[PDB]
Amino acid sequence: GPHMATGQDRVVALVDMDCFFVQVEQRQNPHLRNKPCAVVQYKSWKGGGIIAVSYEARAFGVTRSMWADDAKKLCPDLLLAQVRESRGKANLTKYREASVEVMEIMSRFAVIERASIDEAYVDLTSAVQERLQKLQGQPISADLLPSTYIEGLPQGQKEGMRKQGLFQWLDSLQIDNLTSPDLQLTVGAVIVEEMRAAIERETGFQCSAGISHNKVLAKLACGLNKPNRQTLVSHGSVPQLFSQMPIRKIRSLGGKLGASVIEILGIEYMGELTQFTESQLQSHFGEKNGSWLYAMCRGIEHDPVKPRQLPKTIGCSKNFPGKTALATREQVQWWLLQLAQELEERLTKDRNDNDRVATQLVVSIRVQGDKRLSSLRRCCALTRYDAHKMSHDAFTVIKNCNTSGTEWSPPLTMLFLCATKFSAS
């Protein structure tokens, strides 16, 4: 009763840039705006691999991880933008710089954790407190939430339903209690409307967002109403929301662990987990996962929003699938050199922008026929931002994988250079 903490102490948002690479290409080329369009990488093998898809194109069944030649069967008027190719590989600089534009605007409002190029977590707890003191008991108008869904409402025209749900929520609100978690989430949602408006004004980019009390619920909420909308998931909404939520939809349970939760416990939905004791869950899935699951199925998660706006690693990777696998010494050296030259460019720009230096180089390879995605991962010291030295060291570090008697065997199907372990400079 009075002593079960309910995980309502924070306001946390997850912001996800809608089909981000597509938006970047649509800003640059207005002929692509408001059309079915996708971004591809490469073009020879079956038209290229699609990696991002506008919502217009999604309506035709176009998806990521689809060959462009196949997407054209589903959507013959599909428009395509190609990722830049530099030194023989895909070069994602345009999207990294667009992402920095958006992240810098987000950081004006609250502290953000860069989860990936197109999504960030937002710690709004302090921001909401400041805003609540500014209001001085003044009620929150629907006009302040023009794109917000309240999950679970209305109970008892899509825009019409959104507005009905929002009215029901706002009528119920107790504005005089500056400590009600539901009020705190509502003000969080107001601030996120303002943040998203600023992003769109100042970049042209639209995004979706979730607002809740922790990162996992914010991430789940964000996906409920897309594109260009935001969703508030209150603590009270969790029992019904989880009662028909497939376990795989919760962040970190879409993989082998979620599959084993489903198979070992014989359940399907997140809410069914509430029936098990914390000890039972730990006994099946380990102490950490078990405690996490016990709290998570009750809407409770404690992972903090880490104050981290910059990537922790700077990486360069290329697959060489099928008969493109690298089979000679000269091939491996030339591609290590291309990877190392892009790595050097990005590292020098990073050092000048962000006052830090990487100190460790990680080299990862895949060999043909090897079941694993990484056949080997080894580290060496990263002392100077010099492409020839980095590629020479990466070779020096992988060279004893070659089993020939100038040839390379087994041929390599992936090269990967990652700069890690940053230190202030």
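C-alpha atoms forming the largest set that superposes within 1.5 Å between two forms make up the rigid core. Numbering starts at 1 and runs along the sequence shown.
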property	result
Divergent stretch in 8 other deposited structures of this protein, 169 to 177 or 276 to 284 [C-alpha RMS, superposed by the core]	169 to 177
Farther-lying stretch by C-alpha RMS in 8 other deposited structures of this protein (rigid core fit) among 287 to 295, 179 to 187	179 to 187
Deposited residues omitted from coordinates between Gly405 and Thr406, as a class	1 to 3
Length class of the unmodelled deposited segment, which would lie between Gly156 and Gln157	4 to 9
Of 269 to 277 and 169 to 177, the one with larger mean CA B-factor	169 to 177
25 to 33 set against 356 to 364, stretch whose average Cα temperature factor tops the other in the entry	356 to 364
Which of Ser107, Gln138, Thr93, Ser260 ranks first by CA B-factor in the deposited coordinates	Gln138
Chain third (lowest, middle, highest) by recorded CA B-factor, residue given as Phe205	lowest
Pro76 CA temperature factor, ranked by third within the chain	middle
Cα B factor band for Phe285 (lowest, middle or highest third within the chain)	middle
Ranked against its chain, the third holding the CA B-factor of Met17	lowest
Chain third (lowest, middle, highest) by recorded CA B-factor, residue given as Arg377	highest
